[PDB]
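Enquirer: Each residue of the sequence shown is one higher than the one before, starting from 2 at the first, in the deposited numbering.
The following block contains the structure, expressed as structure tokens.
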Amino acid sequence: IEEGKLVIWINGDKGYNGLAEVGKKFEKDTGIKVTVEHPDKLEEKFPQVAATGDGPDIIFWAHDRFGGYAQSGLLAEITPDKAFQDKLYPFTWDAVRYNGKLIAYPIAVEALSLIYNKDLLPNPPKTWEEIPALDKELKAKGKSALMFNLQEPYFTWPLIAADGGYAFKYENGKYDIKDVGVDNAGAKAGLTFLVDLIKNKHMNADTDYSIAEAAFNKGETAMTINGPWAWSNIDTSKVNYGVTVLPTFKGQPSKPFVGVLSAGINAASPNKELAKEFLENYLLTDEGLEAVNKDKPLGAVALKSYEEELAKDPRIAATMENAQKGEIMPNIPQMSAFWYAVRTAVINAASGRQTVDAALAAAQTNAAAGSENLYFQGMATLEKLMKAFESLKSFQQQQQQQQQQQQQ
Ligand SMILES: OC[C@H]1O[C@H](O[C@H]2[C@H](O)[C@@H](O)[C@@H](O)O[C@@H]2CO)[C@H](O)[C@@H](O)[C@@H]1O
Numbered sequence: 002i003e004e005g006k007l008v009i010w011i012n013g014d015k016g017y018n019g020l021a022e023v024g025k026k027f028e029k030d031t032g033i034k035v036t037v038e039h040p041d042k043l044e045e046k047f048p049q050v051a052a053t054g055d056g057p058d059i060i061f062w063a064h065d066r067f068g069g070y071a072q073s074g075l076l077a078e079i080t081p082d083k084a085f086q087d088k089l090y091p092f093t094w095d096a097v098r099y100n101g102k103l104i105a106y107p108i109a110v111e112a113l114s115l116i117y118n119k120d121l122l123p124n125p126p127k128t129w130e131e132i133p134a135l136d137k138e139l140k141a142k143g144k145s146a147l148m149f150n151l152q153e154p155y156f157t158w159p160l161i162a163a164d165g166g167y168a169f170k171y172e173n174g175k176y177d178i179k180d181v182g183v184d185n186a187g188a189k190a191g192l193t194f195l196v197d198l199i200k201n202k203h204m205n206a207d208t209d210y211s212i213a214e215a216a217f218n219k220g221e222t223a224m225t226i227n228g229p230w231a232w233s234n235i236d237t238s239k240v241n242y243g244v245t246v247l248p249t250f251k252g253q254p255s256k257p258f259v260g261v262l263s264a265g266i267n268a269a270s271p272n273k274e275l276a277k278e279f280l281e282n283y284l285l286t287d288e289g290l291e292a293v294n295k296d297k298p299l300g301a302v303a304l305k306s307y308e309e310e311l312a313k314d315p316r317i318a319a320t321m322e323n324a325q326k327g328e329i330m331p332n333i334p335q336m337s338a339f340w341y342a343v344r345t346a347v348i349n350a351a352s353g354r355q356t357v358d359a360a361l362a363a364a365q366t367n368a369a370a371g372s373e374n375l376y377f378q379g380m381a382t383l384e385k386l387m388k389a390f391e392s393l394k395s396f397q398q399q400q401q402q403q404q405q406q407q408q409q
């Protein structure tokens with residue numbers, strides 16, 4: 002990878018130009034090309050391209066995926082003096098800490114909130130169960146109650162989790178890597194509620210990120226579930242919008258997974274020296290954040306000096322309310338598998354393709370398995386077994402036939 006550039010990948014829903022403004026200031030001072038890019042599904046791409054001349058120097062993602070990448074030795078260790086570490090809240094350092102080493106620089110705390118249209122809904126609903134009633138209402142008025150991305154379990158998870166669904170059990174400060182609360186009763190109850198919305202045409206399993214965004218912005222649905230990055234496009238559509246706590250289900254709080262947006266450094270990179278300089282000296286400063294937060298919000302930020310300001314903004318105050326009630330994502334390498342399972346479990350359940358009981362039954366077993374790396378060789382084994390057992394039945398039958406034809 003050409004030394005004396007910085008190539009940065011960051012997800013497209015994020016303030017990608019805000020950050021590219023920061024790579025200008027850097028270029029001004031250092032005279033270094035900073036190239037911000039946003040390829041679709043970077044979380045999946047990075048590991049394929051890492052150790053190559055087309056790897057990124059820096060990669061932005063929530064902390065969850067980084068332990069994955071860390072295990073595979075794709076991230077360089079970051080070694081910043083404690084004076085610096087004191088600039089940002091510790092718990093953010095905690096998120097990017099794997100086998101006691103730091104692997105990314107924390108940037109932003111992200112939690113989904115309930116974004117609602119203050120016109121169509123003067124009062125937004127305090128509970129999930131209120132919502133079918135509020136669709137009857139707005140179905141009539143040509144509108145819809147609620148629309149959020151079903152195609153990512155990030156958004157579906159707060160509901161599942163709400164009656165004590167969990168990914169991997171935390172006990173003795175470690176994650177019990179074979180104990181998984183996807184197919185537990187409250188998780189089952191969570192998903193069953195959501196399928197019942199789809200069953201009763203109160204929501205539509207088609208719904209992708211784009212559509213949900215269109216609908217709320219174009220004033221067609223009273224509610225979405227999203228994070229602060231979404232906020233900038235809704236300002237634009239001048240939709241009078243509030244940003245509140247997600248509603249209780251079975252009178253328990255919605256428990257979103259809380260990502261920490263984090264900037265890891267490609268262990269392949271020659272510019273690890275520069276990468277650190279950029280992130281510490283330019284991005285993680287009240288200037289370089291304000292540069293992004295203006296483009297598309299970071300929501301709540303790792304950097305304390307700035308977050309002190311942003312906290313007053315009662316949207317970011319509501320974002321932290323949701324987080325407080327939710328849970329920080331594990332950063333274990335198993336999360337990749339867990340995510341895949343639940344994506345599919347929720348798809349299948351909402352498409353009808355599988356019962357709720359059946360979908361989570363699988364996600365359980367598949368998440369506990371640890372890796373999506375075995376699906377091919379597994380499915381091949383499974384056929385091999387199926388085809389054998391069929392052969393066995395076939396033989397039972399030729400034998401029983403052959404015995405009837407000797408009794409004659
Ligand atoms: O949907 C599963 C998905 O959840 C998380 O991804 C979030 C994350 O908080 C942000 O990076 C933001 O861009 O939106 C994403 C949701 O689509 C996990 O970080 C990710 O691994 C997982 O695939």
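Don't be surprised by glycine CBs; every beta carbon is placed ideally from N, CA and C.
With a threshold of 16 other CB atoms inside 10 Å of the CB of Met-224, please say whether the residue is buried or exposed.
Expert: Taking the first residue of the sequence shown as position 1, residue 224 is located at position 223. Per the 10 Å Cβ criterion, buried.
Enquirer: Determine the contact status of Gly-182 and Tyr-171, defining contact as a CB-CB distance below 8 angstroms.
Expert: Within the sequence shown, the letter at position 181 stands for residue 182. Within the sequence shown, the letter at position 170 stands for residue 171. Not in contact: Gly-182 and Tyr-171 (Cβ atoms no closer than 8 angstroms).
Enquirer: Please list, in chain order, all residues of the same chain as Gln-335 whose beta carbon is under 6 angstroms from its beta carbon, the five residues on each side excluded.
Expert: Here residue 335 is taken as the residue at index 334 of the sequence shown, counted from 1. Excluding sequence neighbours, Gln-335 sits near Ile-178 and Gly-371.
Enquirer: For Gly-228, count the other beta carbons within 10 Å of its own beta carbon; 16 or more makes it buried, fewer makes it exposed. Which is it?
Expert: For the purposes of this step, residue 228 is taken as the residue at position 227 of the sequence shown. So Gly-228 counts as buried.
Enquirer: Is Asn-323 near ligand 1, going by C-beta to nearest heavy atom under 7 angstroms?
Expert: Residue 323 sits at position 322 when you count from the first residue of the sequence shown. No, Cβ of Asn-323 sits at least 7 angstroms from all heavy atoms of ligand 1.
Enquirer: For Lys-277, which of helix, strand or coil comes out of DSSP?
Expert: The sequence position of residue 277 within the sequence shown is 276, counting from 1. Helix at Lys-277.
Enquirer: Bridge partners of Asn-227, per DSSP?
Expert: To locate residue 227, count along the sequence shown from 1; it is residue 226. Its beta-bridge partners are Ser-114.
Enquirer: Closest to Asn-241 by CA distance: which of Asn-374, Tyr-117 and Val-50 is it?
Expert: Looking up residue 241 in the sequence shown gives position 240. Nearest C-alpha to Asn-241: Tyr-117.
Enquirer: With a threshold of 7 angstroms (Cβ to nearest heavy atom), would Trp-62 be considered close to ligand 1?
Expert: Working through the sequence shown from its first residue, we reach residue 62 at position 61. Result yes, Cβ under 7 angstroms from ligand 1.
Enquirer: Using a threshold of 7 angstroms, is the CB atom of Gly-327 nearer than that to any non-hydrogen atom of ligand 1?
Expert: Along the sequence shown, one-based indexing puts residue 327 at 326. No; taking the cut-off as 7 angstroms, the Cβ of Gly-327 has no heavy atom of ligand 1 nearer than that.
Enquirer: Measure the CB-CB distance between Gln-152 and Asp-209 and report whether it falls below 8 angstroms.
Expert: Locating residue 152 in the sequence shown gives position 151, where the first residue counts as 1. Locating residue 209 in the sequence shown gives position 208, where the first residue counts as 1. Yes, these two residues count as a Cβ contact at 8 angstroms.
Enquirer: From this set, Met-148, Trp-232 and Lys-175, which residue's C-alpha is nearest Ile-199's C-alpha?
Expert: For the purposes of this step, residue 199 is taken as residue 198 along the sequence shown, with counting starting at 1. Nearest option by C-alpha distance: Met-148.
Enquirer: Is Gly-379 helix, strand or coil by DSSP?
Expert: Residue numbering aside, residue 379 sits at position 378 when the sequence shown is read from its first letter. Helix, per DSSP.
Enquirer: Below 8 angstroms CB to CB, which residues in the same chain sit around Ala-269 once its five sequence neighbours on both sides are set aside?
Expert: Against the sequence shown, residue 269 aligns to sequence position 268. Cβ within range, chain order: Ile-2, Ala-51, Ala-52, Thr-53, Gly-56 and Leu-75.
Enquirer: What do you reckon, is the C-beta of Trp-94 under 7 angstroms from a heavy atom of ligand 1?
Expert: Taking the sequence shown and counting its residues from 1, the one referred to as residue 94 is at position 93. No.
Enquirer: When we look at the beta-carbon of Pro-315 and count the other beta-carbons within 10 Å, is it buried (16 or more) or exposed?
Expert: Within the sequence shown, numbered from 1, the residue matching residue 315 stands at position 314. Answer is exposed; the Cβ neighbour count stays below 16.
Enquirer: Could you check the C-alpha separation between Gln-402 and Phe-396 for me, to the nearest Å?
Expert: Counting from one through the sequence shown, the residue named residue 402 turns up at place 401. Counting from one through the sequence shown, the residue named residue 396 turns up at place 395. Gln-402 and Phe-396: Cα-Cα distance of roughly 10 angstroms.
Enquirer: Which whole-angstrom value describes the C-beta separation of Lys-15 and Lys-297, a residue pair presumed to lie in contact below a C-beta threshold of 8 angstroms?
Expert: By 1-based counting over the sequence shown, the position of residue 15 is 14. By 1-based counting over the sequence shown, the position of residue 297 is 296. Their Cβ separation, rounded to whole angstroms, is 6 angstroms, which keeps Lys-15 and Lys-297 in contact under 8 angstroms.
Enquirer: Please confirm whether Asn-332 and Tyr-99 have their CB atoms less than 8 angstroms apart.
Expert: Sequence index remark: in the sequence shown, residue 332 carries index 331 (1-based). Sequence index remark: in the sequence shown, residue 99 carries index 98 (1-based). Contact: yes.
Enquirer: So which of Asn-124, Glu-221, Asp-87 and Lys-142 has the shortest CA-CA distance to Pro-107?
Expert: By 1-based counting over the sequence shown, the position of residue 107 is 106. Per the Cα distances, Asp-87.
Enquirer: If we require 4 or more residues per run, which alpha helix (DSSP H) segments fall completely within the stretch 241-323?
Expert: List check, alpha helix (DSSP H) in window: 273-279, 287-296 and 305-311.
Enquirer: Shortest alpha-carbon distance to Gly-13 belongs to which of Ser-73, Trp-230, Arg-344 and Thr-320?
Expert: Translated into positions along the sequence shown, residue 13 becomes position 12. Closest by alpha carbon: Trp-230.
Enquirer: Whole angstroms is fine: what's the gap from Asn-374's alpha carbon to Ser-238's?
Expert: The count along the sequence shown starts at 1 and reaches residue 374 at position 373. The count along the sequence shown starts at 1 and reaches residue 238 at position 237. So the alpha carbons of these two residues sit roughly 43 angstroms apart.
Enquirer: Please state if the CB of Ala-109 and the CB of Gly-300 are separated by a distance shorter than 8 angstroms.
Expert: Translated into positions along the sequence shown, residue 300 becomes position 299. Translated into positions along the sequence shown, residue 109 becomes position 108. It is a contact, given that the beta carbons lie within the stated cut-off.
Enquirer: Have a look at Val-293 and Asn-18 and give me their C-alpha separation to the nearest angstrom.
Expert: Working through the sequence shown from its first residue, we reach residue 293 at position 292. Working through the sequence shown from its first residue, we reach residue 18 at position 17. Each residue's Cα considered, the two are about 7 angstroms apart.
Enquirer: Could you spell out where the alpha helix (DSSP H) holding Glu-44 opens and where it closes?
Expert: Residue 44 sits at position 43 when you count from the first residue of the sequence shown. Per DSSP, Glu-44 belongs to the alpha helix (DSSP H) from 43-50.
Enquirer: Sorted by chain position, which residues of the same chain lie with C-beta nearer than 6 angstroms to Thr-222's C-beta, five sequence neighbours on each side aside?
Expert: The count along the sequence shown starts at 1 and reaches residue 222 at position 221. Closer than 6 angstroms at the Cβ level, and outside the excluded window around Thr-222, lie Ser-145, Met-148 and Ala-216.
Enquirer: Comparing the CB of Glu-111 with every heavy atom of ligand 1, is any distance shorter than 7 angstroms?
Expert: Residue mapping note: residue 111 aligns to position 110 of the sequence shown, counting from 1. The answer is yes for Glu-111.
Enquirer: Provide the residue span of the beta strand (DSSP E) that contains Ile-79, from first to last.
Expert: As a first step, residue 79 is located in the sequence shown; it is residue number 78 there, counting from the start. Note, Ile-79: premise wrong, no beta strand (DSSP E); not H, not E.
Enquirer: Quick check on the DSSP output: the alpha helix (DSSP H) that includes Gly-191 runs from which residue to which?
Expert: Position 190 of the sequence shown holds residue 191. 186-200 is the span of the alpha helix (DSSP H), which, as asked, contains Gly-191.
Enquirer: Consider the C-beta atom of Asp-209 and the heavy atoms of ligand 1; say whether any pair is separated by less than 7 angstroms.
Expert: Locating residue 209 in the sequence shown gives position 208, counting from the first residue. False, no ligand heavy atom lies under 7 angstroms from that Cβ.
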